[PDB]
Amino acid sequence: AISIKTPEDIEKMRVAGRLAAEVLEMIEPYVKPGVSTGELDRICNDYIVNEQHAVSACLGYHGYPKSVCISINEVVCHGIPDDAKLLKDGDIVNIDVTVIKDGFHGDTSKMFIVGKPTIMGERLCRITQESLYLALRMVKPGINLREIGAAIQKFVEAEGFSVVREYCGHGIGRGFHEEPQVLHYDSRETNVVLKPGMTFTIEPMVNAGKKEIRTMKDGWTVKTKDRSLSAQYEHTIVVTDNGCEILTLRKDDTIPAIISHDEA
């Protein structure tokens, strides 16, 4: 079933979501040419543990050995922080954070552009964030999750990009992954009517090239099959009585935290 969070549960999701957003805000001035993804991981984990008094949900997840995932360029997801992998001018890089605080999870990611943007890098990051934002503006009681997936896929494909099918957003709360599955494309299997107090993520992975992906021999790193660039942004939300509240909003987001469809 899909759990409906109590007001107290929602407040705990606000705290966890704020913490996960705050990791992303904290790490920003370290994301520069020449830094290793392994150092960025250590800076995040020390912050989560020592400052936030929280835990990373990534560490030990199915045996995953690091505290965040960092995905550069044609790495779609689950890039493993490594001391030998250096950021460089023109890179696009996703940093994906999940923190557990007081039993609740907050899950969020963004792209950073390192030094001077690529014109595809700029555009792929912007359109991927806008695909997330257009989905967030659709969330309100009574809409079907299926409409939202279809809208994201229409928007991304109109820009000549593709949506990765293997991964989806998800319910979230005391579990890192709960019902429902939030697909970022249209499917006949999606039939979920949203109600106030559902909490879930929207997190499209968008390739500049074709949709197919492949996993490296390391068992974790996922890349586009065509080696096109790939981008992702993720927010955790709660459905409210007339819209949604974005639990993981950052100062650099350009969508409001509270979206309401009442008035009109």
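Each residue number is its position in the shown sequence, starting from 1.
Visitor: If you average the Cα B factors in the entry, which is higher, 210-218 or 62-70?
Guide: That would be 210-218.
Visitor: Could you check the entry and say whether 90-98 or 119-127 has the higher mean CA B-factor?
Guide: Between 119-127 and 90-98, it is 119-127 that shows the higher mean C-alpha B-factor.
Visitor: Specify which of 134, 114, 111, 75 carries the largest Cα B factor in the deposited PDB entry.
Guide: Checking the PDB record, the top C-alpha B-factor among 134, 114, 111, 75 is at 114.
Visitor: At the C-alpha atoms, which of 85, 174, 184, 170 reaches the highest B-factor in this entry?
Guide: Largest recorded C-alpha B-factor: 85.
Visitor: Please place residue 38 in the lowest, middle or highest third of its chain by C-alpha B factor as given in the entry.
Guide: Within its chain, residue 38 is a middle-third residue by C-alpha B-factor, going by the deposited values.
Visitor: Among the modelled residues of this chain, does the Cα B factor of residue 242 put it in the lowest, middle or highest third?
Guide: For residue 242, whose C-alpha B-factor we compare with every modelled residue in the chain, the answer is the highest third.
Visitor: Relative to the other modelled residues in the chain, which third contains the C-alpha temperature factor of residue 107: lowest, middle or highest?
Guide: Lowest third of the chain for residue 107's C-alpha B-factor.
Visitor: In terms of the CA temperature factor given in the entry, to which third of its chain does residue 259 belong: lowest, middle or highest?
Guide: Middle third - that is where residue 259 ends up once the chain's C-alpha B-factors are sorted.
Visitor: Could you tell me which third, lowest, middle or highest, the C-alpha B-factor of residue 203 occupies within its chain?
Guide: Within its chain, residue 203 is a lowest-third residue by C-alpha B-factor, going by the deposited values.
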